[PDB]
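Take a look at the structure set out below.
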Amino acid sequence: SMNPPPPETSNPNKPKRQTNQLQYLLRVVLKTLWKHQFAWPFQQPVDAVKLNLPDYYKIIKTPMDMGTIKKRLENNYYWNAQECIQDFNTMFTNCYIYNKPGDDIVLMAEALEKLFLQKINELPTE
Ligand SMILES: CC(=O)c1cc(-c2cc(C(=O)NC3CC3)ccc2C)c2ncccn12
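Counting from 42, one number per residue, gives the positions in the sequence shown under the deposited numbering.
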């Protein structure tokens with residue numbers, strides 16, 4: 042089996058900004074989720090070869106992971122916070138699409154998503 046190339050984390054012709062909302066997404070949101078006991082399945086792209094999930098990238102056509110999001114934030118890849126929030130939501134949604142309800146990995150995603158929602162509830166204005 043083969044994995045696909047990972048999502049891009051740098052693109053010199055993509056316009057970039059560093060806003061206070063994006064700084065919050067790195068310093069508060071990403072850092073809170075990254076240190077969590079349940080973060081580890083989400084800290085890198087799914088290696089469907091090593092995990093013996095040959096159908097993963099047949100089902101998941103918009104992969105996303107926190108390793109990618111971390112690199113994007115540290116590279117100032119984004120223009121606005123909504124782009125980054127969409128990446129997080131894609132990662133959670135992919136987990137719920139691929140896995141069975143009640144699987145341990147789904148419980149892990151739900152726990153991270155609850156914290157995610159609590160932090161973005163206080164996303165600073167501007
Ligand atoms: C997000 C998702 O659905 C998901 C993630 C994992 C997962 C991936 C890795 C991994 O790829 N590590 C790379 C370094 C080699 C490791 C451990 C786990 C539990 C998983 N395993 C079974 C079903 C679903 N998943």
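A virtual CB, placed ideally from N, CA and C, is assigned to each residue, including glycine.
The three-state reading of DSSP puts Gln159 in helix, counting H, G and I together.
In the DSSP annotation of this structure, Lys102 is not part of any alpha helix (DSSP H), being labelled neither H nor E. In terms of side-chain proximity, the C-beta atom of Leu63 is found no nearer than 7 angstroms to any non-hydrogen atom of ligand 1. Per DSSP, the continuous alpha helix (DSSP H) segment holding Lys72 begins and ends at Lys72 to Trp75.
Closest in alpha carbon position to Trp75, among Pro104, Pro46, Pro95 and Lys112, is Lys112. Considering only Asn52, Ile100, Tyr65 and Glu115, the residue with the shortest C-alpha distance to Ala122 is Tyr65.
Excluding sequence positions up to five before and after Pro45, its CB lies within less than 8 angstroms of the CB of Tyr98 and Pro104, all in the same chain and listed in chain order. Cα atoms of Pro95 and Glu124: separation of roughly 29 angstroms, rounded to the nearest angstrom.
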